[PDB]
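Presented below is the structure to which this report refers.
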Amino acid sequence: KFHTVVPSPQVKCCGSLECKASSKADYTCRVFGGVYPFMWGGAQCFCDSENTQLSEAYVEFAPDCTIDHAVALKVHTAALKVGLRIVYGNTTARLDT
Amino acid sequence: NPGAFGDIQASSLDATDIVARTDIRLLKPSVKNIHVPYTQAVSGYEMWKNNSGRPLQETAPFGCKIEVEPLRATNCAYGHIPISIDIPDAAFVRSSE
Amino acid sequence: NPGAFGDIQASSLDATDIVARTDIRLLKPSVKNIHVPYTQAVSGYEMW
Amino acid sequence: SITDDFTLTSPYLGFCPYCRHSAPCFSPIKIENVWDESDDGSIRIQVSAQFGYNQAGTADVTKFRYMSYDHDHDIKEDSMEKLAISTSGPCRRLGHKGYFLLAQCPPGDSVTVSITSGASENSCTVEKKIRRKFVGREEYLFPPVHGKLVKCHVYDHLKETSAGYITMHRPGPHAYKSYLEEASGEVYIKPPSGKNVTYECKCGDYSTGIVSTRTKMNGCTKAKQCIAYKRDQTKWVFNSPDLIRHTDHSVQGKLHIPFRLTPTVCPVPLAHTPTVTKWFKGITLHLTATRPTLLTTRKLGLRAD
Amino acid sequence: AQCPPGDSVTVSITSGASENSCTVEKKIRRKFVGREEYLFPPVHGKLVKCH
Ligand SMILES: *[C@@H]1O[C@H](CO)[C@@H](O)[C@H](O)[C@H]1NC(C)=O
Ligand SMILES: *[C@@H]1O[C@H](CO)[C@@H](O)[C@H](O)[C@H]1NC(C)=O
């Protein structure tokens, strides 16, 4: 199960943010025009309406994936390994073939 | 394939070259406050967990007990083994004894 | 019979001659603490 | 590289869509992620405030720290007996650590964290399908006395364990409208207690600067086309979609996520022993089970139905 | 008053160790606007008219 962590979005104000490609898992960078960022305490930048917001979204394993994980394998062919108990003349022999 | 098993893949748990197609979609924000609105397909691992069927410890033919580390099938009969034995001459005794 | 009607019987309610054949099985105690483990068939009166 | 000093890290104000007033809201406690992948029903909650740490970050049990609701953003203490966790009824709090909590909860549909103070009754809530989870093949409300003692996986109650790491970066700009005042159609910058303020106005040109003093910098027209924020803020914060990154948004630190899944032996119920009646080429099982119980049959031939 | 879903409405006055409570039948279920069910309203949305 993945984690799909989304970082803090990048803002530039009266300026562009053409996103740079990255090698992270399922990277998605996308640019937003006409945004007005606003956290608590007031509007977060000067530029009135021509703002660019680079929104970033990649994906990552969950912290608990070290236990609940599924491993994919190929199976080509299987060969027996049998343990044989052979007794003869009051003498025993346990051996793997 | 998004929304199915194998949507996120990696060679190891601690590996860095993680590849994924989770069908993540970035949406233009609507409210004045800051947030990154993303719509994503559900985890294919969870869907496969919910629709796993029964494992091979409960459906393997011939009564084969499936065990792991290593992957193997133990203690089941499905045929005949022609065994050739070279019994030493010390085991035999003469007919007069 | 267990799990059905008539699992416990008596001629009268106050009689000490009470008969029953519920499938009660006493299990081997496993934990450190003292108790009794027992599994019983469900009472057939509530099933009826 | 994964440090746990906590004297160089800070909490943040989160945006979560349900406080006490049932609206999208700012809270000092913001649940970021919930991981209900245990086997005893215990869940791990990632709250935007630190826990078990004092004013300065020294390890101090039964105190926690958050971002206050004031212009001078002082990191403020509160006692941990006021913390409450609920899903449908109250949750038992099992473990606490910076950014992370371990709580045992009844089944429900929403995870809620609250501060039960005399005046501050802040709360936050996320949607999470916390369901009743059992290990084995027979369902149970709570594990019984008699059992089989099979292997399961349990969140460790100790805070010393680690299930991975989380990235921590330096904070970005966090602008205030209280640091700008419009007088006679002109802008004033008002720093409280003489603290240094970095400002950026673009009504004439990209005019940056720093002041600790009231300034008619270019005069300008309105305060809505300019900003001013704090500079003396180099305390690491975990990256979140309710913050703005700084221009050098690289991994400044890594922080341990506690409560690793340890493999643990744990009991499961033993069902009633079946009564098998035998008839020619077949058997009949008389099965009594108060709770749902899994029966799995297979033939030992070529076709295992 | 805002209430969780239930099958009754109950009013009480915890005065003098006597609640003096009253309970009435009412079918209260979580109602939702629009065409997508939600436990609580989200951040992103379409801002549909409701009442
Ligand atoms: C998925 O899990 C739910 C949980 O209630 C269950 O009802 C459903 O049958 C499962 N399978 C599918 C295909 O939805
Ligand atoms: C503000 O900056 C000045 C010089 O830039 C420095 O002397 C002073 O200590 C700073 N004050 C604070 C509170 O950071």
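Chain labels follow the order of the structure tokens: the first chain is A, the next B, and so on; residue numbering restarts at 1 in every chain, and ligands are counted from 1 in their shown order.
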*Give as a PyMOL selection string the residues surrounding ligand 2 up to a distance of 8 Å, considering only C-alpha atoms and all ligand atoms.*
chain D and resi 194-196+210-212+231-232
*asked:* What's around stretch 77-94 of chain B at 12 Å? Count only C-alpha atoms, leave out sequence neighbours fewer than 4 positions away in its own chain, and write the answer as a VMD selection string.
replied: (chain A and resid 80 to 82 84 86 to 93 97) or (chain B and resid 60 to 65 73) or (chain D and resid 300 to 303)
Selected residues, C-alpha atoms, written as an mmCIF file, in the first residue's frame, please.
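Contents of again29.cif, as written:
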data_model
loop_
_atom_site.group_PDB
_atom_site.id
_atom_site.type_symbol
_atom_site.label_atom_id
_atom_site.label_comp_id
_atom_site.auth_asym_id
_atom_site.auth_seq_id
_atom_site.Cartn_x
_atom_site.Cartn_y
_atom_site.Cartn_z
ATOM 1 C CA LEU A 80 11.359 -33.363 -5.700
ATOM 2 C CA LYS A 81 13.626 -33.821 -2.692
ATOM 3 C CA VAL A 82 12.297 -36.837 -0.792
ATOM 4 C CA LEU A 84 13.635 -41.997 2.484
ATOM 5 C CA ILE A 86 15.099 -47.584 4.144
ATOM 6 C CA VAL A 87 15.627 -50.450 6.572
ATOM 7 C CA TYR A 88 17.201 -53.773 5.607
ATOM 8 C CA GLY A 89 18.711 -56.582 7.680
ATOM 9 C CA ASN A 90 17.974 -54.776 10.965
ATOM 10 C CA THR A 91 19.939 -51.758 9.659
ATOM 11 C CA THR A 92 18.349 -48.333 9.175
ATOM 12 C CA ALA A 93 19.184 -45.516 6.771
ATOM 13 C CA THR A 97 17.418 -37.899 -2.588
ATOM 14 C CA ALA B 60 -3.478 -27.048 -3.823
ATOM 15 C CA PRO B 61 -4.282 -30.484 -5.288
ATOM 16 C CA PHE B 62 -2.933 -33.783 -3.918
ATOM 17 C CA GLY B 63 -2.749 -32.294 -0.414
ATOM 18 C CA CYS B 64 0.427 -30.263 -0.886
ATOM 19 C CA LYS B 65 1.265 -28.128 2.153
ATOM 20 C CA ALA B 73 5.161 -27.801 -1.525
ATOM 21 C CA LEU D 300 -6.471 -34.945 -1.740
ATOM 22 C CA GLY D 301 -6.637 -36.153 -5.347
ATOM 23 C CA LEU D 302 -5.955 -34.621 -8.738
ATOM 24 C CA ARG D 303 -9.009 -32.337 -8.493
#
*asked:* If we count only C-alpha atoms and set the cut-off at 12 Å, which residues sit around residue D:32, ignoring sequence neighbours fewer than 4 positions away in its own chain? Please answer as number ranges by chain.
replied: A: 3-7; D: 12-17, 27-28, 44-49, 99-101, 111-113, 124-128, 238-242
*Excluding residue D:57 and any residue of its chain fewer than 2 positions from it, enumerate the residues within 7 Å of it, using only C-alpha atoms, and give them as a ChimeraX atom specification.*
/D:6-7,53-55,59
Requested write-out: N, CA and C atoms of the selected residues, as a PDB file, in the first residue's frame:
ATOM      1  N   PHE D   6      15.135  17.105  18.678  1.00  0.00           N
ATOM      2  CA  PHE D   6      13.862  17.826  18.740  1.00  0.00           C
ATOM      3  C   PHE D   6      13.986  19.265  19.231  1.00  0.00           C
ATOM      4  N   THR D   7      15.208  19.733  19.493  1.00  0.00           N
ATOM      5  CA  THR D   7      15.404  21.135  19.836  1.00  0.00           C
ATOM      6  C   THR D   7      15.535  22.007  18.597  1.00  0.00           C
ATOM      7  N   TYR D  53       7.438  16.747  24.427  1.00  0.00           N
ATOM      8  CA  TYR D  53       8.531  17.702  24.319  1.00  0.00           C
ATOM      9  C   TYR D  53       8.091  19.062  24.843  1.00  0.00           C
ATOM     10  N   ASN D  54       9.017  19.752  25.502  1.00  0.00           N
ATOM     11  CA  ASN D  54       8.725  20.979  26.232  1.00  0.00           C
ATOM     12  C   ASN D  54       8.797  22.197  25.311  1.00  0.00           C
ATOM     13  N   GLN D  55       8.954  23.372  25.929  1.00  0.00           N
ATOM     14  CA  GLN D  55       9.099  24.626  25.192  1.00  0.00           C
ATOM     15  C   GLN D  55      10.294  24.593  24.245  1.00  0.00           C
ATOM     16  N   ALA D  59      13.176  16.527  26.009  1.00  0.00           N
ATOM     17  CA  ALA D  59      12.216  15.464  26.279  1.00  0.00           C
ATOM     18  C   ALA D  59      11.548  15.674  27.631  1.00  0.00           C
TER      19      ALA D  59
END
*Might you pull out every residue within 9 Å of stretch 281-298 of chain D, with only C-alpha atoms counted and same-chain residues fewer than 6 positions away left off, and present them as a PyMOL selection string?*
(chain B and resi 58-61+63) or (chain C and resi 3+40-42) or (chain D and resi 137-140+271-275+304-305)
Restricted to N, CA, C and O atoms, what would the selected residues look like written as a PDB file, in the first residue's frame?
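This went into result.pdb:
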ATOM      1  N   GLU B  58      -4.866 -23.817   0.862  1.00  0.00           N
ATOM      2  CA  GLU B  58      -6.221 -24.325   1.018  1.00  0.00           C
ATOM      3  C   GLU B  58      -6.808 -24.862  -0.281  1.00  0.00           C
ATOM      4  O   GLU B  58      -7.938 -25.362  -0.275  1.00  0.00           O
ATOM      5  N   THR B  59      -6.077 -24.773  -1.397  1.00  0.00           N
ATOM      6  CA  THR B  59      -6.625 -25.212  -2.674  1.00  0.00           C
ATOM      7  C   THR B  59      -5.628 -25.980  -3.538  1.00  0.00           C
ATOM      8  O   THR B  59      -5.960 -26.314  -4.683  1.00  0.00           O
ATOM      9  N   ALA B  60      -4.431 -26.274  -3.039  1.00  0.00           N
ATOM     10  CA  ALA B  60      -3.478 -27.048  -3.823  1.00  0.00           C
ATOM     11  C   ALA B  60      -3.945 -28.496  -3.939  1.00  0.00           C
ATOM     12  O   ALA B  60      -4.369 -29.095  -2.945  1.00  0.00           O
ATOM     13  N   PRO B  61      -3.890 -29.080  -5.132  1.00  0.00           N
ATOM     14  CA  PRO B  61      -4.282 -30.484  -5.288  1.00  0.00           C
ATOM     15  C   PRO B  61      -3.263 -31.418  -4.651  1.00  0.00           C
ATOM     16  O   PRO B  61      -2.149 -31.029  -4.296  1.00  0.00           O
ATOM     17  N   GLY B  63      -3.097 -32.558  -1.795  1.00  0.00           N
ATOM     18  CA  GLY B  63      -2.749 -32.294  -0.414  1.00  0.00           C
ATOM     19  C   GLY B  63      -1.357 -31.753  -0.197  1.00  0.00           C
ATOM     20  O   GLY B  63      -0.663 -32.204   0.718  1.00  0.00           O
TER      21      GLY B  63
ATOM     22  N   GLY C   3     -27.956 -29.338  20.741  1.00  0.00           N
ATOM     23  CA  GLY C   3     -28.245 -28.274  19.805  1.00  0.00           C
ATOM     24  C   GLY C   3     -29.682 -28.184  19.349  1.00  0.00           C
ATOM     25  O   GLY C   3     -29.985 -27.358  18.479  1.00  0.00           O
ATOM     26  N   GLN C  40     -19.168 -25.563  24.539  1.00  0.00           N
ATOM     27  CA  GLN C  40     -20.474 -26.191  24.633  1.00  0.00           C
ATOM     28  C   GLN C  40     -21.245 -25.956  23.345  1.00  0.00           C
ATOM     29  O   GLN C  40     -21.089 -24.923  22.690  1.00  0.00           O
ATOM     30  N   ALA C  41     -22.066 -26.935  22.981  1.00  0.00           N
ATOM     31  CA  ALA C  41     -23.042 -26.721  21.927  1.00  0.00           C
ATOM     32  C   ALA C  41     -24.055 -25.679  22.378  1.00  0.00           C
ATOM     33  O   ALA C  41     -24.388 -25.579  23.563  1.00  0.00           O
ATOM     34  N   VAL C  42     -24.521 -24.873  21.422  1.00  0.00           N
ATOM     35  CA  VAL C  42     -25.498 -23.839  21.735  1.00  0.00           C
ATOM     36  C   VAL C  42     -26.800 -24.494  22.184  1.00  0.00           C
ATOM     37  O   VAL C  42     -27.171 -25.582  21.721  1.00  0.00           O
TER      38      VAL C  42
ATOM     39  N   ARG D 137      -9.039 -17.404  11.805  1.00  0.00           N
ATOM     40  CA  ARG D 137     -10.158 -17.829  10.975  1.00  0.00           C
ATOM     41  C   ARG D 137     -11.487 -17.822  11.722  1.00  0.00           C
ATOM     42  O   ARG D 137     -12.503 -18.241  11.156  1.00  0.00           O
ATOM     43  N   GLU D 138     -11.510 -17.371  12.974  1.00  0.00           N
ATOM     44  CA  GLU D 138     -12.747 -17.220  13.731  1.00  0.00           C
ATOM     45  C   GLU D 138     -12.812 -15.804  14.279  1.00  0.00           C
ATOM     46  O   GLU D 138     -11.871 -15.347  14.935  1.00  0.00           O
ATOM     47  N   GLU D 139     -13.920 -15.116  14.015  1.00  0.00           N
ATOM     48  CA  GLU D 139     -14.056 -13.730  14.434  1.00  0.00           C
ATOM     49  C   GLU D 139     -14.247 -13.633  15.945  1.00  0.00           C
ATOM     50  O   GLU D 139     -14.726 -14.560  16.601  1.00  0.00           O
ATOM     51  N   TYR D 140     -13.858 -12.485  16.494  1.00  0.00           N
ATOM     52  CA  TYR D 140     -13.983 -12.246  17.923  1.00  0.00           C
ATOM     53  C   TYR D 140     -14.035 -10.749  18.184  1.00  0.00           C
ATOM     54  O   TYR D 140     -13.428  -9.962  17.453  1.00  0.00           O
ATOM     55  N   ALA D 271     -12.661 -22.955  18.044  1.00  0.00           N
ATOM     56  CA  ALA D 271     -14.081 -23.206  17.868  1.00  0.00           C
ATOM     57  C   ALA D 271     -14.482 -24.525  18.522  1.00  0.00           C
ATOM     58  O   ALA D 271     -13.648 -25.296  19.005  1.00  0.00           O
ATOM     59  N   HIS D 272     -15.790 -24.763  18.550  1.00  0.00           N
ATOM     60  CA  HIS D 272     -16.320 -26.018  19.063  1.00  0.00           C
ATOM     61  C   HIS D 272     -15.855 -27.174  18.190  1.00  0.00           C
ATOM     62  O   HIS D 272     -15.850 -27.073  16.959  1.00  0.00           O
ATOM     63  N   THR D 273     -15.444 -28.261  18.828  1.00  0.00           N
ATOM     64  CA  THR D 273     -14.969 -29.432  18.099  1.00  0.00           C
ATOM     65  C   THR D 273     -16.131 -30.057  17.338  1.00  0.00           C
ATOM     66  O   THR D 273     -17.163 -30.365  17.946  1.00  0.00           O
ATOM     67  N   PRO D 274     -16.019 -30.239  16.024  1.00  0.00           N
ATOM     68  CA  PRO D 274     -17.161 -30.724  15.243  1.00  0.00           C
ATOM     69  C   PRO D 274     -17.515 -32.168  15.557  1.00  0.00           C
ATOM     70  O   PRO D 274     -16.662 -32.986  15.909  1.00  0.00           O
ATOM     71  N   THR D 275     -18.802 -32.471  15.424  1.00  0.00           N
ATOM     72  CA  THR D 275     -19.302 -33.837  15.483  1.00  0.00           C
ATOM     73  C   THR D 275     -19.454 -34.341  14.055  1.00  0.00           C
ATOM     74  O   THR D 275     -20.222 -33.774  13.270  1.00  0.00           O
ATOM     75  N   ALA D 304      -8.816 -30.894  -6.550  1.00  0.00           N
ATOM     76  CA  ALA D 304      -9.085 -30.435  -5.190  1.00  0.00           C
ATOM     77  C   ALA D 304     -10.221 -29.423  -5.264  1.00  0.00           C
ATOM     78  O   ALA D 304     -10.004 -28.231  -5.487  1.00  0.00           O
ATOM     79  N   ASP D 305     -11.448 -29.908  -5.078  1.00  0.00           N
ATOM     80  CA  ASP D 305     -12.624 -29.042  -5.067  1.00  0.00           C
ATOM     81  C   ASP D 305     -12.650 -28.304  -3.733  1.00  0.00           C
ATOM     82  O   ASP D 305     -13.339 -28.680  -2.782  1.00  0.00           O
TER      83      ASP D 305
END
*Find the residues near residue D:135: any atom within 10 Å, counting only C-alpha atoms, skip ones fewer than 6 places away on the same chain, and give them as a PyMOL selection string.*
chain D and resi 39-40+143+150-153+266-269
Write out the residues from the selection above, keeping N, CA and C atoms, as an mmCIF file, in the first residue's frame.
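Saved as out07.cif:
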data_model
loop_
_atom_site.group_PDB
_atom_site.id
_atom_site.type_symbol
_atom_site.label_atom_id
_atom_site.label_comp_id
_atom_site.auth_asym_id
_atom_site.auth_seq_id
_atom_site.Cartn_x
_atom_site.Cartn_y
_atom_site.Cartn_z
ATOM 1 N N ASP D 39 -2.926 -5.294 14.348
ATOM 2 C CA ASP D 39 -3.821 -6.429 14.517
ATOM 3 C C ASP D 39 -4.613 -6.406 15.815
ATOM 4 N N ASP D 40 -4.306 -5.506 16.746
ATOM 5 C CA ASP D 40 -5.083 -5.350 17.967
ATOM 6 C C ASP D 40 -6.054 -4.180 17.894
ATOM 7 N N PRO D 143 -9.829 -10.781 22.223
ATOM 8 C CA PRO D 143 -9.165 -12.093 22.314
ATOM 9 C C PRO D 143 -9.520 -12.811 23.602
ATOM 10 N N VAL D 150 -1.101 -17.770 17.778
ATOM 11 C CA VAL D 150 -0.561 -17.659 16.425
ATOM 12 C C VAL D 150 0.199 -16.348 16.275
ATOM 13 N N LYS D 151 0.998 -16.242 15.217
ATOM 14 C CA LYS D 151 1.778 -15.039 14.958
ATOM 15 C C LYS D 151 0.905 -13.955 14.333
ATOM 16 N N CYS D 152 1.015 -12.733 14.853
ATOM 17 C CA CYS D 152 0.378 -11.553 14.291
ATOM 18 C C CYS D 152 1.383 -10.406 14.338
ATOM 19 N N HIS D 153 0.958 -9.218 13.916
ATOM 20 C CA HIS D 153 1.833 -8.052 13.877
ATOM 21 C C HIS D 153 1.185 -6.897 14.623
ATOM 22 N N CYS D 266 0.079 -14.062 19.642
ATOM 23 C CA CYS D 266 -1.185 -13.553 20.154
ATOM 24 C C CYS D 266 -2.253 -14.626 20.014
ATOM 25 N N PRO D 267 -3.184 -14.714 20.964
ATOM 26 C CA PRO D 267 -4.167 -15.800 20.953
ATOM 27 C C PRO D 267 -5.368 -15.534 20.058
ATOM 28 N N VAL D 268 -5.923 -16.630 19.549
ATOM 29 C CA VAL D 268 -7.127 -16.629 18.720
ATOM 30 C C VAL D 268 -8.088 -17.672 19.283
ATOM 31 N N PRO D 269 -9.402 -17.525 19.106
ATOM 32 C CA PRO D 269 -10.330 -18.504 19.683
ATOM 33 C C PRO D 269 -10.212 -19.866 19.019
#
*List all protein, DNA and RNA residues that have any atom at most 10 Å from ligand 1, counting only C-alpha atoms and all ligand atoms, and write the list as JSON, numbers by chain.*
{"B": [46, 47, 48, 49, 50, 51, 52], "D": [131]}
Applying 8 Å and only C-alpha atoms, which residues near residue A:52 remain after dropping the ones on its own chain fewer than 6 positions away? List them as a JSON list (two decimals) with N, CA, C and O atoms, in the first residue's frame.
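Saved to part00.json:
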[["chain", "number", "residue", "atom", "x", "y", "z"],
["A", 11, "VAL", "N", 5.06, 28.40, -4.90],
["A", 11, "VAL", "CA", 4.36, 29.59, -5.38],
["A", 11, "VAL", "C", 5.39, 30.58, -5.93],
["A", 11, "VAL", "O", 6.48, 30.74, -5.35],
["A", 12, "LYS", "N", 5.07, 31.18, -7.07],
["A", 12, "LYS", "CA", 5.77, 32.36, -7.55],
["A", 12, "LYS", "C", 4.71, 33.38, -7.93],
["A", 12, "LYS", "O", 3.62, 33.03, -8.39],
["A", 13, "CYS", "N", 5.04, 34.65, -7.73],
["A", 13, "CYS", "CA", 4.05, 35.71, -7.80],
["A", 13, "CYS", "C", 4.51, 36.75, -8.81],
["A", 13, "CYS", "O", 5.61, 37.29, -8.69],
["A", 14, "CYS", "N", 3.67, 36.99, -9.82],
["A", 14, "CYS", "CA", 4.07, 37.64, -11.08],
["A", 14, "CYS", "C", 5.30, 36.97, -11.68],
["A", 14, "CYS", "O", 6.22, 37.64, -12.16],
["A", 15, "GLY", "N", 5.32, 35.63, -11.68],
["A", 15, "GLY", "CA", 6.43, 34.86, -12.23],
["A", 15, "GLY", "C", 6.07, 33.41, -12.45],
["A", 15, "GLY", "O", 5.22, 32.87, -11.74],
["A", 16, "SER", "N", 6.71, 32.75, -13.42],
["A", 16, "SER", "CA", 6.30, 31.42, -13.83],
["A", 16, "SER", "C", 7.11, 30.33, -13.12],
["A", 16, "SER", "O", 8.21, 30.56, -12.62],
["A", 17, "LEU", "N", 6.53, 29.13, -13.09],
["A", 17, "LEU", "CA", 7.12, 27.96, -12.42],
["A", 17, "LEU", "C", 7.00, 26.71, -13.29],
["A", 17, "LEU", "O", 6.45, 25.69, -12.86],
["A", 31, "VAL", "N", 1.16, 23.10, -13.32],
["A", 31, "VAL", "CA", 1.22, 24.54, -13.08],
["A", 31, "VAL", "C", -0.18, 25.13, -13.08],
["A", 31, "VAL", "O", -1.05, 24.76, -13.89],
["A", 32, "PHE", "N", -0.42, 26.02, -12.13],
["A", 32, "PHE", "CA", -1.72, 26.64, -11.89],
["A", 32, "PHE", "C", -1.58, 28.14, -12.07],
["A", 32, "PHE", "O", -0.74, 28.77, -11.41],
["A", 33, "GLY", "N", -2.40, 28.72, -12.94],
["A", 33, "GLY", "CA", -2.44, 30.16, -13.10],
["A", 33, "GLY", "C", -3.67, 30.77, -12.45],
["A", 33, "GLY", "O", -4.70, 30.13, -12.28],
["A", 34, "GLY", "N", -3.55, 32.05, -12.10],
["A", 34, "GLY", "CA", -4.64, 32.76, -11.46],
["A", 34, "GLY", "C", -4.98, 32.25, -10.07],
["A", 34, "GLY", "O", -6.16, 32.11, -9.74],
["A", 35, "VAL", "N", -3.97, 31.98, -9.25],
["A", 35, "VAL", "CA", -4.17, 31.48, -7.90],
["A", 35, "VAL", "C", -3.85, 32.61, -6.93],
["A", 35, "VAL", "O", -3.10, 33.54, -7.24]]
Considering only C-alpha atoms, give me a table of residues in chain D that are at most 6 Å from chain A, with the closest atom pair and distance in Å for each, as JSON lines.
{"residue": "D:163", "atom": "CA", "partner": "A:63", "partner_atom": "CA", "distance": 5.6}
{"residue": "D:164", "atom": "CA", "partner": "A:63", "partner_atom": "CA", "distance": 5.5}
{"residue": "D:175", "atom": "CA", "partner": "A:44", "partner_atom": "CA", "distance": 4.9}
{"residue": "D:176", "atom": "CA", "partner": "A:41", "partner_atom": "CA", "distance": 4.7}
{"residue": "D:177", "atom": "CA", "partner": "A:42", "partner_atom": "CA", "distance": 4.7}
{"residue": "D:225", "atom": "CA", "partner": "A:46", "partner_atom": "CA", "distance": 4.5}
{"residue": "D:226", "atom": "CA", "partner": "A:46", "partner_atom": "CA", "distance": 4.1}
{"residue": "D:227", "atom": "CA", "partner": "A:46", "partner_atom": "CA", "distance": 5.6}
{"residue": "D:239", "atom": "CA", "partner": "A:7", "partner_atom": "CA", "distance": 5.5}
{"residue": "D:240", "atom": "CA", "partner": "A:8", "partner_atom": "CA", "distance": 5.2}
{"residue": "D:241", "atom": "CA", "partner": "A:8", "partner_atom": "CA", "distance": 4.7}
{"residue": "D:243", "atom": "CA", "partner": "A:8", "partner_atom": "CA", "distance": 5.3}
{"residue": "D:244", "atom": "CA", "partner": "A:8", "partner_atom": "CA", "distance": 5.2}
{"residue": "D:245", "atom": "CA", "partner": "A:8", "partner_atom": "CA", "distance": 5.4}
Write out, as a compact mmCIF listing (two decimals), in the first residue's frame, the residues just selected, with N, CA, C and O atoms.
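See result.txt below for the written result:
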# COMPACT_ATOMS: atom_id res chain seq x y z
N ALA D 163 9.75 2.82 12.32
CA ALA D 163 9.13 2.19 11.16
C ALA D 163 9.57 2.83 9.85
O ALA D 163 8.98 2.53 8.80
N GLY D 164 10.56 3.69 9.88
CA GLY D 164 11.02 4.39 8.69
C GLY D 164 11.50 5.78 9.06
O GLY D 164 12.06 5.98 10.14
N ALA D 175 3.16 34.81 5.39
CA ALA D 175 2.87 36.23 5.40
C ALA D 175 1.75 36.57 6.38
O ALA D 175 0.88 35.74 6.66
N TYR D 176 1.77 37.80 6.89
CA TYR D 176 0.82 38.30 7.87
C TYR D 176 0.14 39.54 7.31
O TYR D 176 0.79 40.37 6.67
N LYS D 177 -1.16 39.67 7.56
CA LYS D 177 -1.83 40.94 7.26
C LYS D 177 -1.74 41.91 8.42
O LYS D 177 -2.00 43.11 8.23
N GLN D 225 -1.17 44.69 -2.14
CA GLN D 225 -0.22 44.37 -3.20
C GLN D 225 1.21 44.28 -2.68
O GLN D 225 2.16 44.54 -3.42
N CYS D 226 1.37 43.89 -1.42
CA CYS D 226 2.69 43.76 -0.81
C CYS D 226 2.57 42.81 0.38
O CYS D 226 1.47 42.52 0.85
N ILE D 227 3.72 42.30 0.84
CA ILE D 227 3.76 41.38 1.97
C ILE D 227 4.95 41.67 2.87
O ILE D 227 5.91 42.34 2.48
N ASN D 239 7.15 18.47 5.82
CA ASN D 239 6.48 19.07 4.67
C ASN D 239 5.03 18.59 4.56
O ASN D 239 4.72 17.42 4.79
N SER D 240 4.14 19.52 4.26
CA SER D 240 2.71 19.27 4.29
C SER D 240 2.04 20.07 3.19
O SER D 240 2.55 21.12 2.79
N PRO D 241 0.90 19.61 2.68
CA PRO D 241 0.16 20.38 1.68
C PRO D 241 -0.51 21.64 2.22
O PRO D 241 -1.15 22.35 1.44
N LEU D 243 1.31 24.07 3.83
CA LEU D 243 2.42 24.98 4.05
C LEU D 243 3.00 25.39 2.71
O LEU D 243 2.63 24.84 1.66
N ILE D 244 3.91 26.36 2.73
CA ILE D 244 4.60 26.83 1.54
C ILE D 244 6.09 26.58 1.73
O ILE D 244 6.66 26.97 2.76
N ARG D 245 6.71 25.94 0.75
CA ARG D 245 8.12 25.58 0.86
C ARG D 245 9.01 26.81 0.75
O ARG D 245 8.62 27.85 0.21
*Using only C-alpha atoms, find which residues of chain E lie within 9 Å of chain D and jot them down as a ChimeraX atom specification.*
/E:39-43
_DSSP on the backbone, strand (DSSP E or B) only: what residues of chain C does that give? Format it as a list in words._
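Taking chain C and keeping strand (DSSP E or B) only, one gets residues 8, 9, 10, 18, 19, 20, 24, 25, 26, 38, 39 and 40 of chain C.
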*Return as a ChimeraX atom specification the residues belonging to chain B that are within 8 Å of chain A, counting only C-alpha atoms.*
/B:8,13,17-22,24-26,28-29,32-34,36,43-46,91-92
*asked:* Tell me as a list in words which residues belonging to chain B come within 7 Å of chain E, counting only C-alpha atoms.
replied: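 In the required form, that comes to residues 29, 30, 31 and 37 of chain B.
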*Using only C-alpha atoms, which of D:142, D:58, D:174, D:154 sits nearest chain B?*
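Ranking D:142, D:58, D:174, D:154 by distance to chain B, first place goes to D:174.
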*Identify which of the residues C:39, C:10, C:27, C:48 lies closest to chain D, counting only C-alpha atoms when measuring atom-to-atom distances.*
C:39
Give me the residues of chain C that have any atom at most 12 Å from an atom of chain D; for each, the nearest atom pair and the distance in Å, rounded to one decimal. Use only C-alpha atoms, sort by chain and number, and format it as a tab-separated table.
residue	atom	partner	partner_atom	distance
C:1	CA	D:286	CA	11.8
C:2	CA	D:286	CA	10.0
C:3	CA	D:288	CA	8.2
C:4	CA	D:288	CA	11.5
C:22	CA	D:288	CA	12.0
C:23	CA	D:275	CA	9.1
C:24	CA	D:272	CA	9.1
C:25	CA	D:273	CA	8.2
C:26	CA	D:273	CA	10.7
C:27	CA	D:146	CA	8.7
C:28	CA	D:146	CA	9.0
C:29	CA	D:146	CA	7.3
C:30	CA	D:146	CA	6.6
C:31	CA	D:146	CA	6.9
C:32	CA	D:145	CA	10.1
C:33	CA	D:145	CA	9.1
C:34	CA	D:145	CA	10.3
C:35	CA	D:145	CA	8.8
C:36	CA	D:146	CA	8.9
C:37	CA	D:146	CA	6.3
C:38	CA	D:272	CA	8.9
C:39	CA	D:272	CA	5.6
C:40	CA	D:272	CA	7.0
C:41	CA	D:288	CA	6.2
C:42	CA	D:288	CA	6.8
C:43	CA	D:288	CA	10.3
C:44	CA	D:288	CA	11.1
C:47	CA	D:288	CA	11.5
_DSSP on the backbone, helix (DSSP H, G or I) only: what residues of stretch 21-200 of chain D does that give? Format it as a list in words._
residues 80, 81, 82, 192, 193 and 194 of chain D
Saved selection, atoms kept: C-alpha atoms, as a PDB file, in the first residue's frame:
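Below is the file that was written, result14.pdb:
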ATOM      1  CA  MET D  80      -1.165  16.270  27.832  1.00  0.00           C
ATOM      2  CA  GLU D  81      -4.019  15.335  30.182  1.00  0.00           C
ATOM      3  CA  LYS D  82      -6.172  17.644  28.025  1.00  0.00           C
ATOM      4  CA  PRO D 192       5.995  43.495  17.108  1.00  0.00           C
ATOM      5  CA  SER D 193       8.662  43.667  19.839  1.00  0.00           C
ATOM      6  CA  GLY D 194      11.270  44.897  17.345  1.00  0.00           C
TER       7      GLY D 194
END
